[PDB]
Each structure stands twice: as structure tokens, then as C-alpha cells.
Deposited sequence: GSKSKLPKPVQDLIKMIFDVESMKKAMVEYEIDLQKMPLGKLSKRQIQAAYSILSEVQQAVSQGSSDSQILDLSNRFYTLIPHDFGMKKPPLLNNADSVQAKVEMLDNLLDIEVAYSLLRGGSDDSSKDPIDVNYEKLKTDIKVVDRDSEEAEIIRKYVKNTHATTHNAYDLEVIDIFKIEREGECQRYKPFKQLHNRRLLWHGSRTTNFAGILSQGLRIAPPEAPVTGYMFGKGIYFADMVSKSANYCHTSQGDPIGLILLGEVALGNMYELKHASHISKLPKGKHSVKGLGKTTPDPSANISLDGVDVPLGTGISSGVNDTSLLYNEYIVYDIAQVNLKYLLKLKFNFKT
């Protein structure tokens, strides 16, 4: 019988939930009979990202309708679906890139799982992350809760958020890998929301950069690690419904350095000299006059006020780093979503 405290055991259950893995696949219209959870592989996915990279290049550089259709036919061969939309544009590509991002982390969670002691303690060790419950009445839980209420956007009014549990986390080797940037200026505690089915992958391997095979054109600001300073922007990425109105969000200390400010899409491979991050400018920004500090990290917990900028693609800000060593995962929050 496991010694871990109940909110932790309950977190481990959610993360390694094989049912939620299948649900998330069927939501991306995958053919479970032609390709179930067990038949999913890292290199199949990586090859499917490569076909998408080839699709985007064929659309860009003038290629025959016959060519793109063959590249498309191969994607659907490699990843069987059951609905066959032609992958001939940036939109069709982004939708498949978003699905593979989920498949890659689902296959990570199923590889660990299917690879003496209580099975919960075993699965917790495969995470290679120390997890502690943060006491509700601490300074840490004071700051983390205010950040939530304030930075929830007015337009994402469809639900209200309620904090269930706050976990302090520590990935093995992350502080040592972080050491080079531990010095950098502009250090912000930012939100990163993802489906619960991706958390085994995020804790075991940390937040990564998409595989080399993934098209840089498949992400608005290219192949980086993305954060928001507005809780609801990241909480929307939890994709909580009603069969599961409980999602997980991360808080990571991010080494922003010099921010390359952008208003629109920029499919960036590497940053220009003199820059360490990208800041996508939102129409609404959390007030810089209500900012606070926590353990050497700046917290933009200010309320949502106009940034001035109007000619932008983004309603709200977002932050991108292009080195995995620029992020320090600090907290995992378990949230309750209350829909209208």
C-alpha cells in the first residue's frame, strides 16, 4: 500500500488514466480499431510530423495537387483516422500538428506505464519529479490563488476557476540544467496549460521543443515553449468538458531575458542576437502596477487592463523561449472549471 498523500495519489491516477488517453485520441478522430493505444509509436508520430513538414513545403513551393494528395494519403496511412480531409493548407496542417503534439505525449505516458511495491508508488517514480502538496494557508498558496482570480480574462467568461490542490514540483536534473540561465534578467512565473493526458510526458521529460520533424510553420511563433500570463488563456488548453471538469496547469519560472516583441505570426527557428524570448502582444495585458515577487521570480498577478496596442493578432499576451534550459517547473495546480 502506497505512502504518498491522497491529493498526490489522485494526481498520479489522473495522469496515468488509460481511459482519458483513449478519450483524447477519439476527440482527435483517430481510428482506435486500426490503431489502438498499444500500437502507438514514437517514430510513427515522428514520421507523421515529417509528412506534415513535407506538406507545408509542397504547398509553399509550387507542387502538383497530385503531389500534396499523395503526401496527404501517406499521413492517413501512417495515422489511421475515422470521420478524409485533404492536407493542402496551413489550417489543415495546424490541426494535424496539434493532434500529433497530443499523440507524442500520450505515447510517452503509455511507454512509461507499460514498462513488489504499490503500482501508484511505481508510476510516481517513473515521473522522476518530486511532488509535494503546498499547504492552503502558506504565502505560496496566497500568491498562486490571487494570480488565478485576477488574470482570468473577461472574454473567457464561459467558466470560473476553483483551486483544488497546489503542488510544488521538482523535476530531476532541471535545476542543474537551469543553472546557466539561473543568472538571466527578466524572470517570470508563467502559466502552461495542457491536457491531463500530456502531464506524464511533461513531468518525466519536462517541457520540450517539438520534434525536429515538426514543421516550424505549425506553431504561431515557431518551435518554442509557450506560456501565458492570463490563467484562462492556458486553462482553455486543458480542454475540460463535463465528463471531466477538472484540468491541470503548470507554473514555470521562465528566463525571458530580452523579449523580441511581435504582434503577428513568426515561424522562427532561432532568436535574433540580443534576444532570449518572444512576447506576442495582446490587446489586454495584466496590469504591471500590481506585480509581485516570489522566490526571485516576478509574478504578473495584476488585473487585465488594455496594453494600448490595437493592430495585433492576439487578444492576450504569450511568451516563447527556444531553449529547454530556460524553464524551471515550479508548481502543478489541479483546477475545477465551473461552466455557465
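Comparing the deposited sequence with the modelled residues, the stretches lacking C-alpha coordinates are 1-2, 86-89, 122-126, 352.
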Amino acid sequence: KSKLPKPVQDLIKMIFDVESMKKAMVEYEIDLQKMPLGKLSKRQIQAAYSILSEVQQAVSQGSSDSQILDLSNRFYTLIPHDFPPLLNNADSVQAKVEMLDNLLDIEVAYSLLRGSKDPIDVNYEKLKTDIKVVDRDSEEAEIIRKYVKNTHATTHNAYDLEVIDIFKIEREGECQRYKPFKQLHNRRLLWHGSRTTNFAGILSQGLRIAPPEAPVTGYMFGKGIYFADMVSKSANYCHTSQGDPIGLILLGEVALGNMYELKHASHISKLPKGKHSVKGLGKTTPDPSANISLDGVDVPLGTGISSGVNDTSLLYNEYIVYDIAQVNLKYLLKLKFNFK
From here on, numbers count along this sequence of modelled residues.
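What we label the rigid core is the largest C-alpha set whose atoms superpose within 1.5 Å from one form to the other.
For the pair 213-221 and 130-138, rigid core superposition yields a higher RMS C-alpha distance in 4 other deposited structures of this protein in 213-221.
Put simply, when the other structures in 4 other deposited structures of this protein are lined up on the rigid core, the C-alpha atoms of 92-100 lie farther off than those of the other stretch, from 164-172 and 92-100. Gaps at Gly274 occur in none of the other compared entries of the protein that contain both adjacent residues, all of which model it rather than a third dropping it. Compared against other deposited entries of this protein, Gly304 counts as consistently modelled, with coordinates in all of those that resolve the residues around it and thus below the third mark. Comparing the deposited coordinates for 87-95 and 171-179, the stretch with the larger average C-alpha B-factor is 171-179. Just going by the entry, 193-201 versus 244-252 on mean CA temperature factor gives the higher value to 244-252. Among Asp160, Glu213, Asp130, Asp101, the highest C-alpha B-factor in the deposited entry belongs to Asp160.
Of the candidates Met35, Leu314, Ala48, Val278, the deposited coordinates give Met35 the top C-alpha B factor. When the modelled residues of the chain are ordered by their C-alpha B factor, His267 lands in the lowest third. Among all modelled residues in its chain, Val148 ranks in the middle third by Cα B-factor. For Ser72, the recorded CA temperature factor ranks within the middle third of the chain's modelled residues.
In the PDB entry, a CA B factor belonging to the middle third of its chain's modelled residues is recorded for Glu27.
For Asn258, the recorded CA temperature factor ranks within the middle third of the chain's modelled residues.
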